[PDB]
Amino acid sequence: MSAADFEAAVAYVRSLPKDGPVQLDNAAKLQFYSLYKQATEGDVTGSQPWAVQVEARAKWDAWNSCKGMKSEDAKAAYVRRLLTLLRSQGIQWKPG
């Protein structure tokens, strides 16, 4: 598996049901969000959200923490994080 499997990894995460076999805590969701944005859009854009927008601000800050990361490195990190998260829940992943 490589950065070429990024889209399969994203599709898998998008497909996960709410209370299904894979559990994503806030940390994992923020890691996937930030690496996804870094992989697809590059460095963080725009102004920092207001703190009262807790989730929006957390997402933007997480993306900001990825600045300087090459898009292919963000793609690889996303797939690696999916594989590691699934392994921590007794699941082996393969695209498809």
# chains A, B, ... in the order shown; residues from 1 in each chain; ligands from 1
>>> residues_around(residues="stretch 13-19 of chain A", least_positions_apart="6", cutoff="10 Å", atoms="only C-alpha atoms", output="VMD selection string")
chain A and resid 7 29 32 82
>>> residues_around(residues="residue A:58", least_positions_apart="5", cutoff="9 Å", atoms="only C-alpha atoms", output="ChimeraX atom specification")
/A:30,49,51,53,63
>>> closest_residue(among="A:22, A:1, A:85, A:66", to="residue A:37", atoms="only C-alpha atoms")
A:66
>>> select_by_dssp(residues="chain A", states="alpha helix (DSSP H)", output="ChimeraX atom specification")
/A:6-15,26-41,54-64,71-87
>>> residues_around(residues="residue A:4", least_positions_apart="6", cutoff="10 Å", atoms="only C-alpha atoms", output="list in words")
residues 72, 75, 76 and 79 of chain A
>>> write_last_selection(atoms="N, CA, C and O atoms", output="PDB file, in the first residue's frame")
ATOM      1  N   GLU A  72       1.778  14.221  -1.166  1.00  0.00           N
ATOM      2  CA  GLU A  72       1.974  12.773  -1.189  1.00  0.00           C
ATOM      3  C   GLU A  72       2.351  12.226   0.186  1.00  0.00           C
ATOM      4  O   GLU A  72       1.991  11.090   0.517  1.00  0.00           O
ATOM      5  N   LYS A  75      -0.922  12.061   2.066  1.00  0.00           N
ATOM      6  CA  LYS A  75      -1.681  10.899   1.620  1.00  0.00           C
ATOM      7  C   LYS A  75      -1.155   9.632   2.276  1.00  0.00           C
ATOM      8  O   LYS A  75      -1.931   8.805   2.772  1.00  0.00           O
ATOM      9  N   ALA A  76       0.171   9.464   2.286  1.00  0.00           N
ATOM     10  CA  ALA A  76       0.753   8.281   2.910  1.00  0.00           C
ATOM     11  C   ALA A  76       0.425   8.233   4.397  1.00  0.00           C
ATOM     12  O   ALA A  76       0.046   7.177   4.917  1.00  0.00           O
ATOM     13  N   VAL A  79      -3.199   7.017   4.968  1.00  0.00           N
ATOM     14  CA  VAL A  79      -3.380   5.578   4.812  1.00  0.00           C
ATOM     15  C   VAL A  79      -2.740   4.835   5.975  1.00  0.00           C
ATOM     16  O   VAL A  79      -3.336   3.913   6.537  1.00  0.00           O
TER      17      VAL A  79
END
>>> closest_residue(among="A:91, A:44, A:9, A:86", to="residue A:65", atoms="only C-alpha atoms")
A:44
